[PDB]
């Protein structure tokens, strides 16, 4: 796939979120559906933002694929009440270099490789946790070649 870096300012947002140490990506994503179900039950009237912004924060300090520190986030228009370890928080504004990963998730690492190289080549520094923003996927497209996930590296120019 031919990744195409873009540079953008991402404003702050309010999210509901849950943080996990996960064995691998498949194990992690099985934990995601219950989060929305439980937070919505506990906060009638909670509204997702339009457009949506639904993303994983990868909090590890190095590249990893197993035993990962991940935080699932989904943007809402206003705060609700925390439900268990599901917590509302403000995710701060960042300047990000981004690429779109088309297709299934087994090759997501290629987008991270690409962005790590771009940051080095163009005189930037990664300054906060990468975000993995889910756009199109099994919820709306059964042709997995048409899934779309945006990888966002928070950066500052050196």
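Residue numbers count along the first chain shown, from 1.
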Going by the average Cα B-factor in the PDB entry, point out whether 35 to 43 or 91 to 99 comes out higher. 35 to 43
Taking only the CA atoms, which stretch has the higher mean B-factor in the record, 45 to 53 or 117 to 125? 45 to 53
By the entry's values, the third containing the CA B factor of residue 61 is the highest
Cα B factor band for residue 158 (lowest, middle or highest third within the chain): highest
Relative to the other modelled residues in the chain, which third contains the C-alpha temperature factor of residue 136: lowest, middle or highest? lowest
Grab the CA temperature factor for residue 22 from the record and place it in the lowest, middle or highest third of its chain. middle
In terms of the CA temperature factor given in the entry, to which third of its chain does residue 2 belong: lowest, middle or highest? highest
